[PDB]
Every structure is written in structure tokens, then in C-alpha cells.
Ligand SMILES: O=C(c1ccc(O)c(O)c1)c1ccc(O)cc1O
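A single chain, nothing else alongside it, follows as C-alpha cells in the form deposited without the ligand.
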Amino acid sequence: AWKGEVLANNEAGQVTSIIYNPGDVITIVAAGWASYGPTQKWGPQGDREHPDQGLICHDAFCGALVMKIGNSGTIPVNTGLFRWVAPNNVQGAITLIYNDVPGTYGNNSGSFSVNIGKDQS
């Protein structure tokens, strides 16, 4: 399995040790408190009240945890995924990213602690 920190200010995202292959089943658990700028913190589901002003993922709130798998678009993670299977032709290294507007990561703070494992299949 993989365990590590995803910094909210890391615009390129945190590459994991997990290479998602066809057929794989994965489980993700994400925890902790982070900010996209304000003097408040939100969990891995982000800020349900903040407008989307050009987020890297339009299917999750500002300040949410998302991922890319190889060459994929952003996929919501939020608090995690339980025994999850990717779409046809989605494969490669999993990168975890804090959901924010491109070029606005410099004022972000905090992190999420994330676990990923491959399940039985």
C-alpha cells in the first residue's frame, strides 16, 4: 500500500507508488484539514459554499482531494473510495491533488494524510 501527505500548496500534486492497472480494485482513505487561502480549514470534501472560479476538478468542491490516473482528467476522491474500479482505458500512476484554481496554490496551507491500497480481485 501507499501512505503519504498531499500538501494543499502542491499544484503539480503528489505522485504515489500506486500504478493502477486494468482490473485493479483500490481503496483510498483521506483525512486532515487544509485551506485554499482563507483563515479557516476544510476536510477532504472541501468548501461546499465556495464558488468554482476555474477549479482543476469541476466535480468536487474547492479544497477537495482529487486524483489523476496516468493521462486521465481529474477524478474526485474527497474522503476516499471503497473497492473502486476505474473506467475502460484509465491506467497508470495515481497522483493526488488539492482542488484549486491554477496559479492560486501559493496561499494554500495544510495537507491531507492519505492511504491507498489494492484490494483482492
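Start at 1 with the first residue shown and count on from there.
Although not depicted, the form solved in complex with the ligand is the subject of the following passage.
The site on the displayed chain is open: the ligand, placed by C-alpha superposition from its pose in the deposited bound form, has no atom within 2.4 Å of a backbone or C-beta atom. Remark: all three candidate residues (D59, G73 and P76) come within 4.5 Å of the ligand in the deposited bound form, counting heavy atoms only. Under a 4.5 angstroms non-hydrogen atom cutoff, the ligand in the deposited bound form lacks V29 among its neighbouring residues. Within 4.5 Å of any heavy atom of the ligand in the deposited bound form lies no heavy atom of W33.
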